[PDB]
Amino acid sequence: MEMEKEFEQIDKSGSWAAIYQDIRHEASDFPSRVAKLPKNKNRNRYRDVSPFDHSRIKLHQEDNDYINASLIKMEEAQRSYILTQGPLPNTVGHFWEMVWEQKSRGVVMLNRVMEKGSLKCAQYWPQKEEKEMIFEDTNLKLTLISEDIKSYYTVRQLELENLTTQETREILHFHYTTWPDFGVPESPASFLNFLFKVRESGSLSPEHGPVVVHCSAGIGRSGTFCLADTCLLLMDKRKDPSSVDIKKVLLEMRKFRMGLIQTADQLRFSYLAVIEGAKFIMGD
Ligand SMILES: Cc1ccc2c(c1)[C@@H]1[C@H](CO2)CN2C(=O)CCN12
């Protein structure tokens, strides 16, 4: 069923809450035993948001290999994503260790450091060229190279140095700065523009490790980003773009991380983004 017609049928009937609860009921439940070990309590931002054991990213160290991060592997679309929480004061070094070890080119940030008057993640990148950051626990150095501030997003060029080997890599930081403190954006136009800027950079391409995507918990806004990207890629590959079922793609992604899409309003916004996405790239 063409999703644009499914959309108007749900809107006219006002059944968004009913559709959303059906997804919550059918979603996978897999063990997260490593996340719940007592040694890992200060590595989790939220007690109710944990990576599954089968899909968690492992840090390359013998001490403690745990980080709140999941590998989302989309077999038909041929895309992979790492979805993670906003870094905590004691996990900023783990975060950059993961970017290094997984060979990621891009980090996608969908939150502000402060929202609703409370801290939603650590200040984990340098704000001035001449004041670099050193992470002594993981032996990494991070330097701000350049910053491009636009109305709806900022892009940063960062240099990550493995102090152990003196190898360096260029990381691109894509910061979506205008998601509202409450609800979802009225139009998906600026979110879509942002998504196609991340693509144009190479950060989502198979010649690099998976993109790292985060918000505060790494399930709601983060879920919206990967769901829109994968659905638009499937519409480009298939003989019948009308066969793409957004609810079935979301349930496949929920095999790899719990809770993706946190509200019925985020589910409706994801439909709106894909639908408009299709028109721009398939109509005109
Ligand atoms: C669906 C959509 C919306 C916006 C948008 C794109 C796609 C992106 C980039 C422009 O922003 C450039 N681009 C094209 O010219 C073809 C499509 N793709």
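Don't worry about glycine lacking a Cβ; one is built from the backbone with ideal geometry, like all the others, and counts go over all protein chains shown. Quick note: the coordinates plus some simple rules give every number you see, no bench work behind them.
If only one of 216, 203 is within 16 Å of the ligand (Cβ to nearest atom) and under 16 Å from the mean Cα position of the chain (by Cα), which one is it? I'd like the intermediate steps shown before the answer.
Working: 216 fails: within 16 Å of the ligand (Cβ to nearest atom).
Answer to the check: 203.
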### Task
Hey, can you tell me all the residues within region 260-277 that are buried (at least 18 other Cβ atoms within 10 Å of the Cβ) and closer than 18 Å to residue 218 by Cβ?
260, 261, 262, 266, 267, 269, 270
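Is it the case that residue 46 is outside any helix (DSSP H, G or I), surrounded by 12 or more Cβ atoms within 10 Å (Cβ to Cβ) and under 18 Å from the mean Cα position of the chain (by Cα)? Working first, answer last.
Working: outside any helix (DSSP H, G or I): yes; surrounded by 12 or more Cβ atoms within 10 Å (Cβ to Cβ): yes; under 18 Å from the mean Cα position of the chain (by Cα): yes.
So residue 46 fits the description; yes.
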### Summary
Being assigned to a helix (DSSP H, G or I) and closer than 30 Å to residue 240 by Cα narrows 6, 76 down to just 6
### Task
Within region 260-280, track down each residue that is within 16 Å of the ligand (Cβ to nearest atom) and in contact (Cβ under 8 Å) with a residue 24 or more places away in the chain.
269, 270, 271, 272, 273, 274, 275, 276, 277, 278, 280
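Kindly establish whether residue 269 is farther than 16 Å from residue 7 by Cβ and either of a type in the set (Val, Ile, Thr) or out of contact with any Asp or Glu (no Cβ under 9 Å at 6 or more places or on another chain) (or both). Reasoning before the result, please.
On the way: farther than 16 Å from residue 7 by Cβ: no; either of a type in the set (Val, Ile, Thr) or out of contact with any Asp or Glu (no Cβ under 9 Å at 6 or more places or on another chain) (or both): yes.
Spelling it out, it is not the case that residue 269 is farther than 16 Å from residue 7 by Cβ and either of a type in the set (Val, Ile, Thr) or out of contact with any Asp or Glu (no Cβ under 9 Å at 6 or more places or on another chain) (or both).
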### Message
Looking at region 33-52 only, could you name the residues that are among the small types (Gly, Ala, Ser) and free of Cβ contacts under 8 Å to residues at least 60 places away in the same chain?
### Response
35
### Task
Please list, ordered by first then second residue, the pairs with beta carbon atoms under 7 Å, 6 or more apart or interchain, first in region 181-205 and over 16 Å from residue 228 (Cα atoms) and of a type in the set (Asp, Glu), second more than 12 Å from the ligand (Cβ to nearest atom) and not in a helix (DSSP H, G or I).
181/115; 181/116
### Task
Being in a helix (DSSP H, G or I) and either buried (at least 20 other Cβ atoms within 10 Å of the Cβ) or within 15 Å of the ligand (Cβ to nearest atom) (or both) is the filter here, so list the residues in region 247-259 that pass it.
249, 250, 253
### Query
Any residue at all in region 208-221 that is without any contact (Cβ under 8 Å) to a residue 60 or more places away in the chain and under 26 Å from residue 46 (Cβ atoms)?
yes
### Query
Taking residue 159 and the conditions (1) among the charged types (D, E, K, R); (2) closer than 27 Å to residue 251 by Cα; (3) free of Cβ contacts under 8 Å to residues at least 24 places away in the same chain; (4) in a strand (DSSP E or B), which numbered condition does it fall short on, given that it satisfies the others?
(2)
### Message
Which count do you get for residues in region 174-200 that are away from the ligand (no atom under 16 Å from the Cβ) and more than 15 Å from the chain's Cα centre (by Cα)?
### Response
7
